$ cat input.pdb   # PDB, C-alpha atoms and all ligand atoms
ATOM      1  CA  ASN T   1      13.832  -1.697  -0.437
ATOM      2  CA  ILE T   2      10.655  -3.668  -1.150
ATOM      3  CA  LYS T   3      12.383  -5.566  -3.935
ATOM      4  CA  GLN T   4      14.831  -6.837  -1.324
ATOM      5  CA  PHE T   5      12.021  -7.447   1.157
ATOM      6  CA  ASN T   6      10.064  -9.517  -1.381
ATOM      7  CA  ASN T   7      13.111 -11.739  -1.599
ATOM      8  CA  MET T   8      13.783 -11.719   2.165
ATOM      9  CA  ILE T   9      10.331 -13.258   2.487
ATOM     10  CA  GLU T  10      11.237 -16.156   0.150
ATOM     11  CA  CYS T  11      14.436 -16.830   2.101
ATOM     12  CA  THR T  12      12.444 -17.790   5.198
ATOM     13  CA  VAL T  13       9.364 -19.051   3.349
ATOM     14  CA  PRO T  14      10.679 -20.477   0.012
ATOM     15  CA  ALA T  15       7.456 -22.522  -0.411
ATOM     16  CA  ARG T  17       5.662 -19.203  -0.871
ATOM     17  CA  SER T  18       6.037 -15.833  -2.592
ATOM     18  CA  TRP T  19       5.540 -12.360  -1.174
ATOM     19  CA  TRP T  20       2.258 -12.297  -3.105
ATOM     20  CA  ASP T  21       0.676 -14.630  -0.564
ATOM     21  CA  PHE T  22       1.189 -11.676   1.805
ATOM     22  CA  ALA T  23       0.273  -8.872  -0.620
ATOM     23  CA  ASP T  24      -3.410  -9.292   0.212
ATOM     24  CA  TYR T  25      -3.685 -11.039   3.579
ATOM     25  CA  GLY T  26      -5.771 -10.046   6.560
ATOM     26  CA  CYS T  27      -6.270  -6.384   7.288
ATOM     27  CA  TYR T  28      -2.752  -5.185   6.801
ATOM     28  CA  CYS T  29      -0.412  -7.304   4.789
ATOM     29  CA  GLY T  30      -0.781  -4.931   1.789
ATOM     30  CA  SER T  31      -1.581  -1.580   3.433
ATOM     31  CA  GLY T  33      -3.025  -0.747   6.880
ATOM     32  CA  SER T  34      -6.332  -0.452   8.830
ATOM     33  CA  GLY T  35      -8.573  -2.147  11.399
ATOM     34  CA  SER T  36      -8.108  -5.067  13.757
ATOM     35  CA  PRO T  37      -5.389  -7.688  13.101
ATOM     36  CA  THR T  38      -6.841 -11.000  12.013
ATOM     37  CA  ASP T  39      -4.219 -13.457  13.359
ATOM     38  CA  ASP T  40      -0.530 -13.726  14.209
ATOM     39  CA  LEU T  41       0.406 -13.322  10.545
ATOM     40  CA  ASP T  42      -1.802 -10.259  10.042
ATOM     41  CA  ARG T  43       0.042  -8.951  13.121
ATOM     42  CA  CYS T  44       3.534  -9.570  11.782
ATOM     43  CA  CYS T  45       2.466  -7.103   9.102
ATOM     44  CA  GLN T  46       1.093  -4.573  11.550
ATOM     45  CA  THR T  47       4.397  -4.075  13.358
ATOM     46  CA  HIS T  48       6.341  -4.266  10.093
ATOM     47  CA  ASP T  49       4.492  -1.184   8.942
ATOM     48  CA  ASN T  50       5.045   0.340  12.385
ATOM     49  CA  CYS T  51       8.750  -0.385  12.046
ATOM     50  CA  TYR T  52       8.766   1.447   8.700
ATOM     51  CA  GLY T  53       6.880   4.313  10.352
ATOM     52  CA  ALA T  54       9.639   4.548  12.963
ATOM     53  CA  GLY T  55      12.300   4.440  10.256
ATOM     54  CA  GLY T  56      10.632   7.171   8.222
ATOM     55  CA  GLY T  57      11.350   9.324  11.237
ATOM     56  CA  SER T  58      15.000   8.722  10.442
ATOM     57  CA  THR T  59      16.001  11.745   8.365
ATOM     58  CA  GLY T  60      15.994  11.158   4.597
ATOM     59  CA  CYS T  61      14.938   7.535   5.134
ATOM     60  CA  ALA T  62      12.581   5.892   2.616
ATOM     61  CA  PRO T  63      11.955   2.150   3.463
ATOM     62  CA  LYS T  64      10.406   1.013   0.133
ATOM     63  CA  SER T  65      13.298   2.642  -1.724
ATOM     64  CA  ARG T  66      16.404   2.448   0.460
ATOM     65  CA  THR T  67      18.689  -0.270  -0.853
ATOM     66  CA  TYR T  68      20.454  -2.157   1.940
ATOM     67  CA  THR T  69      23.112  -4.889   2.112
ATOM     68  CA  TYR T  70      21.749  -8.172   3.316
ATOM     69  CA  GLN T  71      22.381 -11.857   2.848
ATOM     70  CA  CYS T  72      20.202 -14.971   2.860
ATOM     71  CA  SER T  73      21.800 -18.275   3.872
ATOM     72  CA  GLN T  74      19.537 -21.322   4.079
ATOM     73  CA  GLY T  75      16.495 -19.644   5.545
ATOM     74  CA  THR T  76      18.481 -17.310   7.791
ATOM     75  CA  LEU T  77      18.809 -13.572   7.072
ATOM     76  CA  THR T  78      21.666 -11.232   7.901
ATOM     77  CA  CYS T  79      21.927  -7.482   7.411
ATOM     78  CA  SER T  80      25.508  -6.452   6.789
ATOM     79  CA  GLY T  81      27.439  -3.781   8.674
ATOM     80  CA  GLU T  82      28.207  -1.262   5.912
ATOM     81  CA  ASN T  83      24.524  -0.208   5.973
ATOM     82  CA  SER T  84      23.787   3.456   6.734
ATOM     83  CA  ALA T  85      21.664   4.203   9.808
ATOM     84  CA  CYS T  86      18.645   4.225   7.495
ATOM     85  CA  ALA T  87      19.543   1.044   5.606
ATOM     86  CA  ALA T  88      20.340  -0.882   8.797
ATOM     87  CA  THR T  89      16.996   0.070  10.383
ATOM     88  CA  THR T  90      14.933  -0.707   7.284
ATOM     89  CA  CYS T  91      16.837  -3.932   6.716
ATOM     90  CA  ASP T  92      16.194  -5.113  10.265
ATOM     91  CA  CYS T  93      12.520  -4.215   9.898
ATOM     92  CA  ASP T  94      12.330  -6.506   6.865
ATOM     93  CA  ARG T  95      14.247  -9.461   8.274
ATOM     94  CA  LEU T  96      12.200  -9.424  11.498
ATOM     95  CA  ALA T  97       9.052  -9.348   9.393
ATOM     96  CA  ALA T  98      10.334 -12.135   7.178
ATOM     97  CA  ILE T  99      11.222 -14.164  10.284
ATOM     98  CA  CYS T 100       7.808 -13.413  11.772
ATOM     99  CA  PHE T 101       6.041 -14.602   8.602
ATOM    100  CA  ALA T 102       7.788 -17.967   8.557
ATOM    101  CA  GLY T 103       6.690 -18.701  12.126
ATOM    102  CA  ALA T 104       3.087 -17.521  11.957
ATOM    103  CA  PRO T 105       0.306 -19.793  10.603
ATOM    104  CA  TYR T 106      -1.029 -19.057   7.116
ATOM    105  CA  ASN T 107      -4.798 -19.212   6.931
ATOM    106  CA  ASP T 108      -6.273 -19.423   3.413
ATOM    107  CA  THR T 109      -9.523 -18.133   4.909
ATOM    108  CA  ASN T 110      -7.830 -14.802   5.747
ATOM    109  CA  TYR T 111      -6.478 -14.215   2.247
ATOM    110  CA  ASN T 112      -8.325 -12.089  -0.303
ATOM    111  CA  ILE T 113     -10.820 -10.993   2.432
ATOM    112  CA  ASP T 114     -13.486  -8.265   2.035
ATOM    113  CA  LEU T 115     -11.764  -5.510   4.046
ATOM    114  CA  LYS T 116     -14.878  -3.301   3.999
ATOM    115  CA  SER T 117     -16.368  -5.821   6.414
ATOM    116  CA  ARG T 118     -13.467  -6.934   8.604
ATOM    117  CA  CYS T 119     -11.111  -3.964   8.855
ATOM    118  CA  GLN T 120     -13.131  -1.018  10.180
TER     119      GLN T 120
ATOM    120  CA  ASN Q   1      -3.084  12.928   3.613
ATOM    121  CA  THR Q   2      -5.091   9.720   3.387
ATOM    122  CA  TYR Q   3      -8.090  11.312   5.135
ATOM    123  CA  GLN Q   4      -8.227  14.254   2.696
ATOM    124  CA  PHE Q   5      -7.979  11.929  -0.298
ATOM    125  CA  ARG Q   6     -10.888   9.917   1.143
ATOM    126  CA  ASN Q   7     -12.963  13.075   1.091
ATOM    127  CA  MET Q   8     -12.148  14.001  -2.481
ATOM    128  CA  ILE Q   9     -13.404  10.529  -3.413
ATOM    129  CA  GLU Q  10     -16.675  10.853  -1.495
ATOM    130  CA  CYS Q  11     -16.757  14.192  -3.264
ATOM    131  CA  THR Q  12     -16.506  13.048  -6.856
ATOM    132  CA  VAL Q  13     -18.269   9.704  -6.292
ATOM    133  CA  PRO Q  14     -20.978  10.138  -3.580
ATOM    134  CA  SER Q  15     -22.780   6.993  -4.802
ATOM    135  CA  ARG Q  17     -19.962   4.897  -3.343
ATOM    136  CA  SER Q  18     -18.187   4.130  -0.106
ATOM    137  CA  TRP Q  19     -14.488   4.926  -0.313
ATOM    138  CA  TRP Q  20     -14.018   1.259   0.627
ATOM    139  CA  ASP Q  21     -15.176   0.421  -2.898
ATOM    140  CA  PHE Q  22     -11.690   1.653  -3.885
ATOM    141  CA  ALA Q  23      -9.590   0.166  -1.078
ATOM    142  CA  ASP Q  24      -9.280  -3.169  -2.870
ATOM    143  CA  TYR Q  25     -10.224  -2.821  -6.567
ATOM    144  CA  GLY Q  26      -8.281  -4.248  -9.490
ATOM    145  CA  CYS Q  27      -4.505  -4.552  -9.194
ATOM    146  CA  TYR Q  28      -3.816  -0.880  -8.261
ATOM    147  CA  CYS Q  29      -6.517   0.534  -5.967
ATOM    148  CA  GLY Q  30      -4.631  -0.300  -2.784
ATOM    149  CA  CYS Q  32      -1.475   0.160  -4.878
ATOM    150  CA  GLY Q  33       0.547  -2.670  -6.398
ATOM    151  CA  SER Q  34       1.612  -3.902  -9.887
ATOM    152  CA  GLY Q  35       0.575  -5.813 -13.008
ATOM    153  CA  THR Q  36      -1.787  -5.144 -15.940
ATOM    154  CA  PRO Q  37      -4.467  -2.650 -14.922
ATOM    155  CA  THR Q  38      -7.721  -4.566 -15.251
ATOM    156  CA  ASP Q  39      -9.596  -1.482 -16.511
ATOM    157  CA  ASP Q  40      -9.868   2.303 -16.777
ATOM    158  CA  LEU Q  41     -10.588   2.769 -13.061
ATOM    159  CA  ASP Q  42      -7.624   0.539 -12.110
ATOM    160  CA  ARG Q  43      -5.334   2.580 -14.389
ATOM    161  CA  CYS Q  44      -6.570   5.636 -12.488
ATOM    162  CA  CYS Q  45      -5.067   4.082  -9.370
ATOM    163  CA  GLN Q  46      -1.975   3.097 -11.374
ATOM    164  CA  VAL Q  47      -1.291   6.725 -12.257
ATOM    165  CA  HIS Q  48      -1.999   7.687  -8.654
ATOM    166  CA  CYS Q  49       0.601   5.331  -7.091
ATOM    167  CA  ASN Q  50       3.207   6.475  -9.613
ATOM    168  CA  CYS Q  51       2.197  10.034  -8.785
ATOM    169  CA  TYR Q  52       2.900   9.363  -5.107
ATOM    170  CA  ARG Q  53       6.233   7.784  -6.014
ATOM    171  CA  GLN Q  54       7.428  10.947  -7.769
ATOM    172  CA  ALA Q  55       6.302  13.096  -4.845
ATOM    173  CA  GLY Q  56       8.431  10.903  -2.584
ATOM    174  CA  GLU Q  57      11.488  12.195  -4.446
ATOM    175  CA  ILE Q  58      10.962  15.621  -2.847
ATOM    176  CA  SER Q  59      13.034  15.488   0.414
ATOM    177  CA  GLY Q  60      10.835  15.045   3.486
ATOM    178  CA  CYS Q  61       7.676  14.349   1.420
ATOM    179  CA  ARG Q  62       5.391  11.606   2.693
ATOM    180  CA  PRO Q  63       2.411  11.724   0.241
ATOM    181  CA  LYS Q  64       0.443   9.361   2.474
ATOM    182  CA  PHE Q  65       0.664  11.818   5.405
ATOM    183  CA  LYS Q  66       1.296  15.290   3.951
ATOM    184  CA  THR Q  67      -1.599  17.542   4.872
ATOM    185  CA  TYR Q  68      -2.561  19.877   2.032
ATOM    186  CA  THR Q  69      -5.113  22.609   1.285
ATOM    187  CA  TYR Q  70      -7.953  21.728  -1.002
ATOM    188  CA  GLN Q  71     -11.605  22.380  -1.457
ATOM    189  CA  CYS Q  72     -13.973  19.734  -2.702
ATOM    190  CA  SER Q  73     -17.286  21.227  -3.739
ATOM    191  CA  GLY Q  74     -19.756  18.953  -5.511
ATOM    192  CA  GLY Q  75     -17.726  17.090  -8.114
ATOM    193  CA  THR Q  76     -15.515  20.167  -8.089
ATOM    194  CA  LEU Q  77     -12.007  19.778  -6.666
ATOM    195  CA  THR Q  78      -9.574  22.605  -6.123
ATOM    196  CA  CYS Q  79      -6.079  22.427  -4.677
ATOM    197  CA  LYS Q  80      -5.190  25.789  -3.145
ATOM    198  CA  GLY Q  81      -2.128  27.800  -4.100
ATOM    199  CA  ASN Q  82      -0.991  28.209  -0.475
ATOM    200  CA  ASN Q  83       0.471  24.712  -0.937
ATOM    201  CA  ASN Q  84       4.207  24.036  -1.031
ATOM    202  CA  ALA Q  85       5.921  21.762  -3.562
ATOM    203  CA  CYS Q  86       5.254  18.575  -1.574
ATOM    204  CA  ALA Q  87       1.722  19.509  -0.580
ATOM    205  CA  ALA Q  88       0.967  20.904  -4.070
ATOM    206  CA  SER Q  89       2.205  17.756  -5.783
ATOM    207  CA  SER Q  90       0.371  15.451  -3.350
ATOM    208  CA  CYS Q  91      -2.851  17.376  -3.682
ATOM    209  CA  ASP Q  92      -2.768  17.218  -7.500
ATOM    210  CA  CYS Q  93      -2.220  13.451  -7.321
ATOM    211  CA  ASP Q  94      -5.294  12.818  -5.129
ATOM    212  CA  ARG Q  95      -7.454  15.355  -6.917
ATOM    213  CA  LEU Q  96      -6.631  14.019 -10.374
ATOM    214  CA  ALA Q  97      -7.173  10.461  -9.150
ATOM    215  CA  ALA Q  98     -10.524  11.527  -7.592
ATOM    216  CA  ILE Q  99     -11.567  13.118 -10.864
ATOM    217  CA  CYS Q 100     -10.298  10.058 -12.745
ATOM    218  CA  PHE Q 101     -12.464   7.722 -10.640
ATOM    219  CA  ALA Q 102     -15.445   9.895 -11.484
ATOM    220  CA  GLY Q 103     -15.036   9.230 -15.197
ATOM    221  CA  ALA Q 104     -14.294   5.474 -15.106
ATOM    222  CA  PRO Q 105     -16.982   2.715 -14.837
ATOM    223  CA  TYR Q 106     -16.849   0.724 -11.589
ATOM    224  CA  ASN Q 107     -16.942  -3.017 -12.339
ATOM    225  CA  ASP Q 108     -18.095  -5.077  -9.329
ATOM    226  CA  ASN Q 109     -16.175  -8.002 -10.841
ATOM    227  CA  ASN Q 110     -12.950  -6.103 -10.404
ATOM    228  CA  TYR Q 111     -13.351  -5.588  -6.647
ATOM    229  CA  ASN Q 112     -11.305  -7.777  -4.255
ATOM    230  CA  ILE Q 113      -9.773  -9.851  -7.054
ATOM    231  CA  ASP Q 114      -7.032 -12.439  -6.460
ATOM    232  CA  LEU Q 115      -3.882 -10.280  -6.633
ATOM    233  CA  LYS Q 116      -1.443 -13.153  -6.406
ATOM    234  CA  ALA Q 117      -2.932 -14.767  -9.486
ATOM    235  CA  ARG Q 118      -4.028 -11.711 -11.407
ATOM    236  CA  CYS Q 119      -1.301  -9.124 -10.920
ATOM    237  CA  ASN Q 120       1.653 -11.472 -10.869
TER     238      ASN Q 120
HETATM  239  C1  LIG X 201      -8.015   5.936   2.206
HETATM  240  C2  LIG X 201      -7.610   6.004   0.748
HETATM  241  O1  LIG X 201      -8.236   6.727  -0.026
HETATM  242  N1  LIG X 201      -6.566   5.266   0.375
HETATM  243  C3  LIG X 201      -6.122   5.272  -1.008
HETATM  244  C4  LIG X 201      -7.096   4.453  -1.859
HETATM  245  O2  LIG X 201      -8.375   5.065  -1.855
HETATM  246  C5  LIG X 201      -6.582   4.354  -3.288
HETATM  247  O3  LIG X 201      -7.460   3.546  -4.055
HETATM  248  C6  LIG X 201      -5.182   3.739  -3.266
HETATM  249  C7  LIG X 201      -4.578   3.582  -4.652
HETATM  250  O4  LIG X 201      -4.454   4.833  -5.315
HETATM  251  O5  LIG X 201      -4.295   4.577  -2.490
HETATM  252  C8  LIG X 201      -4.700   4.688  -1.111
HETATM  253  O6  LIG X 201      -3.803   5.531  -0.471
HETATM  254 ZN    ZN X 202     -15.252  27.424  -1.785
HETATM  255 ZN    ZN X 203      -8.063  -8.184  -1.702
END
$ encode --input "input.pdb" --output "structure tokens"
Amino acid sequence: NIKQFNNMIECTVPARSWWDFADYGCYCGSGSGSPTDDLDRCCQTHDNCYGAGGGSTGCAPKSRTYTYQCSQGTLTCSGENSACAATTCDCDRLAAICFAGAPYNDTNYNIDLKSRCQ
Amino acid sequence: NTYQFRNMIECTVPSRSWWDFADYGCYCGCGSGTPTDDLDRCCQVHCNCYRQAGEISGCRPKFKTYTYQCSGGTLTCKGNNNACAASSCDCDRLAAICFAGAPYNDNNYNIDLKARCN
């Protein structure tokens, strides 16, 4: 679930909190418009991943609790996860991994979406 | 669905672009924290409304297409709606009506979520 994703984020980017991504670019937060940078892209496909997982019967990303582990910046989804958990989990760890590698631009945080996301 | 909700808004608040609500306070865009005002609380009740609808198997509030009529400040969800569609429609409608009765504070648009909702 998102509670677990918030924490996944900190595993790979301990120097930051998920909140730095809550309102970044044109997606990290919701969804619409043209990606702003690599980071704003990591979020685009994360949402897409969730969209693919929602197609998995009875699967609710933000609410499905999975079994994962964080070990010094590296994430691992465990095996006992149901088809839905495993998919969601992977979505989140790939996103978390993608956030750590992308550049964070202060200029693209807290942006006026009504002008950059049409 | 998102598109229908956008119309209800333009319906109850013609003097504003629906973008004026895509990033207002801590909840219009959906999140967490202390609602900064009446309008923000409107969005707070709306997210929670969506969360309950998600508990109905197969119900994706954000995508469920429903039947409604929006006629000059007047919003009507039609009976021909099923549980999921009926619940979703009442969320959006009530939120649209709610917006119509709450002052819109330009200060509260595109606020720093990391610092103000955390
Ligand atoms: C396009 C659209 O209307 N999106 C709505 C937004 O207006 C509303 O402020 C927010 C919080 O309730 O939820 C979104 O789904
Ligand atoms: Zn009519
Ligand atoms: Zn913002």
$ resolve_selection --input "input.pdb" --expression "the PyMOL selection byres (((chain T and resi 71-77) around 6) and not hetatm)" --output "VMD selection string"
chain T and resid 11 to 12 70 78
$ write_last_selection --input "input.pdb" --atoms "C-alpha atoms" --output "mmCIF file, in the coordinates of the input"
data_model
loop_
_atom_site.group_PDB
_atom_site.id
_atom_site.type_symbol
_atom_site.label_atom_id
_atom_site.label_comp_id
_atom_site.auth_asym_id
_atom_site.auth_seq_id
_atom_site.Cartn_x
_atom_site.Cartn_y
_atom_site.Cartn_z
ATOM 1 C CA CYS T 11 14.436 -16.830 2.101
ATOM 2 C CA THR T 12 12.444 -17.790 5.198
ATOM 3 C CA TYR T 70 21.749 -8.172 3.316
ATOM 4 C CA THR T 78 21.666 -11.232 7.901
#
$ residues_around --input "input.pdb" --residues "residue 83 (chain Q)" --least-positions-apart "4" --cutoff "7 Å" --atoms "only C-alpha atoms" --output "PyMOL selection string"
chain Q and resi 68-69+87-88
$ residues_near_ligand --input "input.pdb" --ligand "ligand ZN 203 (chain X)" --cutoff "7 Å" --atoms "all atoms listed in the file" --output "ChimeraX atom specification"
/T:24,112-114 /Q:24,112-115
$ write_last_selection --input "input.pdb" --atoms "C-alpha atoms" --output "PDB file, in the frame of the given file"
ATOM      1  CA  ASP T  24      -3.410  -9.292   0.212  1.00  0.00           C
ATOM      2  CA  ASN T 112      -8.325 -12.089  -0.303  1.00  0.00           C
ATOM      3  CA  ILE T 113     -10.820 -10.993   2.432  1.00  0.00           C
ATOM      4  CA  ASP T 114     -13.486  -8.265   2.035  1.00  0.00           C
TER       5      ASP T 114
ATOM      6  CA  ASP Q  24      -9.280  -3.169  -2.870  1.00  0.00           C
ATOM      7  CA  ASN Q 112     -11.305  -7.777  -4.255  1.00  0.00           C
ATOM      8  CA  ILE Q 113      -9.773  -9.851  -7.054  1.00  0.00           C
ATOM      9  CA  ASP Q 114      -7.032 -12.439  -6.460  1.00  0.00           C
ATOM     10  CA  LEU Q 115      -3.882 -10.280  -6.633  1.00  0.00           C
TER      11      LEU Q 115
END
$ resolve_selection --input "input.pdb" --expression "the PyMOL selection byres (((chain Q and resi 39-56) around 9) and not hetatm)" --output "compact mmCIF listing (two decimals) with C-alpha atoms, in the frame of the given file"
# COMPACT_ATOMS: atom_id res chain seq x y z
CA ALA T 62 12.58 5.89 2.62
CA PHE Q 22 -11.69 1.65 -3.88
CA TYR Q 25 -10.22 -2.82 -6.57
CA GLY Q 26 -8.28 -4.25 -9.49
CA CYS Q 27 -4.50 -4.55 -9.19
CA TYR Q 28 -3.82 -0.88 -8.26
CA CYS Q 29 -6.52 0.53 -5.97
CA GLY Q 30 -4.63 -0.30 -2.78
CA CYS Q 32 -1.48 0.16 -4.88
CA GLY Q 33 0.55 -2.67 -6.40
CA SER Q 34 1.61 -3.90 -9.89
CA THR Q 36 -1.79 -5.14 -15.94
CA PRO Q 37 -4.47 -2.65 -14.92
CA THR Q 38 -7.72 -4.57 -15.25
CA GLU Q 57 11.49 12.20 -4.45
CA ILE Q 58 10.96 15.62 -2.85
CA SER Q 59 13.03 15.49 0.41
CA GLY Q 60 10.84 15.04 3.49
CA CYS Q 61 7.68 14.35 1.42
CA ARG Q 62 5.39 11.61 2.69
CA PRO Q 63 2.41 11.72 0.24
CA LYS Q 64 0.44 9.36 2.47
CA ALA Q 85 5.92 21.76 -3.56
CA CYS Q 86 5.25 18.58 -1.57
CA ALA Q 87 1.72 19.51 -0.58
CA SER Q 89 2.20 17.76 -5.78
CA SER Q 90 0.37 15.45 -3.35
CA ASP Q 92 -2.77 17.22 -7.50
CA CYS Q 93 -2.22 13.45 -7.32
CA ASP Q 94 -5.29 12.82 -5.13
CA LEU Q 96 -6.63 14.02 -10.37
CA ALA Q 97 -7.17 10.46 -9.15
CA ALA Q 98 -10.52 11.53 -7.59
CA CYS Q 100 -10.30 10.06 -12.74
CA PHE Q 101 -12.46 7.72 -10.64
CA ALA Q 102 -15.44 9.90 -11.48
CA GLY Q 103 -15.04 9.23 -15.20
CA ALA Q 104 -14.29 5.47 -15.11
CA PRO Q 105 -16.98 2.72 -14.84
CA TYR Q 106 -16.85 0.72 -11.59
CA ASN Q 107 -16.94 -3.02 -12.34
CA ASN Q 110 -12.95 -6.10 -10.40
$ interface_residues --input "input.pdb" --of "chain T" --to "chain Q" --cutoff "10 Å" --atoms "all atoms listed in the file" --output "PDB file with C-alpha atoms, keeping the file's coordinate frame"
ATOM      1  CA  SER T  18       6.037 -15.833  -2.592  1.00  0.00           C
ATOM      2  CA  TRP T  19       5.540 -12.360  -1.174  1.00  0.00           C
ATOM      3  CA  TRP T  20       2.258 -12.297  -3.105  1.00  0.00           C
ATOM      4  CA  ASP T  21       0.676 -14.630  -0.564  1.00  0.00           C
ATOM      5  CA  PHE T  22       1.189 -11.676   1.805  1.00  0.00           C
ATOM      6  CA  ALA T  23       0.273  -8.872  -0.620  1.00  0.00           C
ATOM      7  CA  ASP T  24      -3.410  -9.292   0.212  1.00  0.00           C
ATOM      8  CA  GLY T  30      -0.781  -4.931   1.789  1.00  0.00           C
ATOM      9  CA  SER T  31      -1.581  -1.580   3.433  1.00  0.00           C
ATOM     10  CA  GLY T  33      -3.025  -0.747   6.880  1.00  0.00           C
ATOM     11  CA  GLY T  56      10.632   7.171   8.222  1.00  0.00           C
ATOM     12  CA  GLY T  57      11.350   9.324  11.237  1.00  0.00           C
ATOM     13  CA  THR T  59      16.001  11.745   8.365  1.00  0.00           C
ATOM     14  CA  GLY T  60      15.994  11.158   4.597  1.00  0.00           C
ATOM     15  CA  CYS T  61      14.938   7.535   5.134  1.00  0.00           C
ATOM     16  CA  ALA T  62      12.581   5.892   2.616  1.00  0.00           C
ATOM     17  CA  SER T  65      13.298   2.642  -1.724  1.00  0.00           C
ATOM     18  CA  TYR T 111      -6.478 -14.215   2.247  1.00  0.00           C
ATOM     19  CA  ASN T 112      -8.325 -12.089  -0.303  1.00  0.00           C
ATOM     20  CA  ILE T 113     -10.820 -10.993   2.432  1.00  0.00           C
ATOM     21  CA  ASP T 114     -13.486  -8.265   2.035  1.00  0.00           C
ATOM     22  CA  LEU T 115     -11.764  -5.510   4.046  1.00  0.00           C
ATOM     23  CA  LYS T 116     -14.878  -3.301   3.999  1.00  0.00           C
ATOM     24  CA  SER T 117     -16.368  -5.821   6.414  1.00  0.00           C
ATOM     25  CA  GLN T 120     -13.131  -1.018  10.180  1.00  0.00           C
TER      26      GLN T 120
END
$ atom_distance --input "input.pdb" --atom1 "CA of residue 88 (chain T)" --atom2 "CA of residue 2 (chain T)"
14.2 Å
$ residues_near_point --input "input.pdb" --point "(24.6, -5.5, -0.5)" --cutoff "12 Å" --atoms "all atoms listed in the file" --output "list in words"
residues 1, 4, 66, 67, 68, 69, 70, 71, 72, 78, 79, 80, 81, 82, 83, 84, 87, 88 and 91 of chain T
$ closest_atom_pairs --input "input.pdb" --of "chain Q" --to "ligand ZN 202 (chain X)" --cutoff "10 Å" --atoms "all atoms listed in the file" --output "CSV"
residue,atom,partner,partner_atom,distance
Q:70,CA,X:ZN202,ZN,9.3
Q:71,CA,X:ZN202,ZN,6.2
Q:72,CA,X:ZN202,ZN,7.8
Q:73,CA,X:ZN202,ZN,6.8
Q:76,CA,X:ZN202,ZN,9.6
Q:77,CA,X:ZN202,ZN,9.6
Q:78,CA,X:ZN202,ZN,8.6
$ write_last_selection --input "input.pdb" --atoms "C-alpha atoms" --output "tab-separated table (two decimals), in the frame of the given file"
chain	number	residue	atom	x	y	z
Q	70	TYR	CA	-7.95	21.73	-1.00
Q	71	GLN	CA	-11.60	22.38	-1.46
Q	72	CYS	CA	-13.97	19.73	-2.70
Q	73	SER	CA	-17.29	21.23	-3.74
Q	76	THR	CA	-15.52	20.17	-8.09
Q	77	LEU	CA	-12.01	19.78	-6.67
Q	78	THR	CA	-9.57	22.60	-6.12
$ closest_residue --input "input.pdb" --among "T:39, T:34, T:94, T:17" --to "ligand LIG 201 (chain X)" --atoms "only C-alpha atoms and all ligand atoms"
T:34
$ residues_around --input "input.pdb" --residues "residue 93 (chain T)" --least-positions-apart "2" --cutoff "7 Å" --atoms "only C-alpha atoms" --output "PDB file with C-alpha atoms, in the frame of the given file"
ATOM      1  CA  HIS T  48       6.341  -4.266  10.093  1.00  0.00           C
ATOM      2  CA  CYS T  51       8.750  -0.385  12.046  1.00  0.00           C
ATOM      3  CA  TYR T  52       8.766   1.447   8.700  1.00  0.00           C
ATOM      4  CA  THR T  89      16.996   0.070  10.383  1.00  0.00           C
ATOM      5  CA  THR T  90      14.933  -0.707   7.284  1.00  0.00           C
ATOM      6  CA  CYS T  91      16.837  -3.932   6.716  1.00  0.00           C
ATOM      7  CA  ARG T  95      14.247  -9.461   8.274  1.00  0.00           C
ATOM      8  CA  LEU T  96      12.200  -9.424  11.498  1.00  0.00           C
ATOM      9  CA  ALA T  97       9.052  -9.348   9.393  1.00  0.00           C
TER      10      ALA T  97
END
$ axis_aligned_box --input "input.pdb" --around "ligand LIG 201 (chain X)" --padding-each-side "3 Å" --output "lines of an AutoDock Vina configuration file"
center_x = -6.1
center_y = 5.1
center_z = -1.6
size_x = 10.6
size_y = 9.2
size_z = 13.5
$ closest_residue --input "input.pdb" --among "Q:35, Q:74, Q:1, Q:6" --to "ligand LIG 201 (chain X)" --atoms "all atoms listed in the file"
Q:6
$ atom_distance --input "input.pdb" --atom1 "CA of residue 27 (chain T)" --atom2 "CA of residue 7 (chain Q)"
21.5 Å
$ atom_distance --input "input.pdb" --atom1 "CA of residue 37 (chain T)" --atom2 "CA of residue 2 (chain Q)"
19.9 Å
$ closest_residue --input "input.pdb" --among "Q:65, Q:15, Q:79, Q:108" --to "ligand LIG 201 (chain X)" --atoms "only C-alpha atoms and all ligand atoms"
Q:65
$ resolve_selection --input "input.pdb" --expression "the PyMOL selection byres (((chain T and resi 100-107) around 8) and not hetatm)" --output "PyMOL selection string"
chain T and resi 9+12-13+40-41+44+96-99+108-111
$ closest_residue --input "input.pdb" --among "T:6, T:35, T:86, T:14" --to "residue 54 (chain T)" --atoms "all atoms listed in the file"
T:86
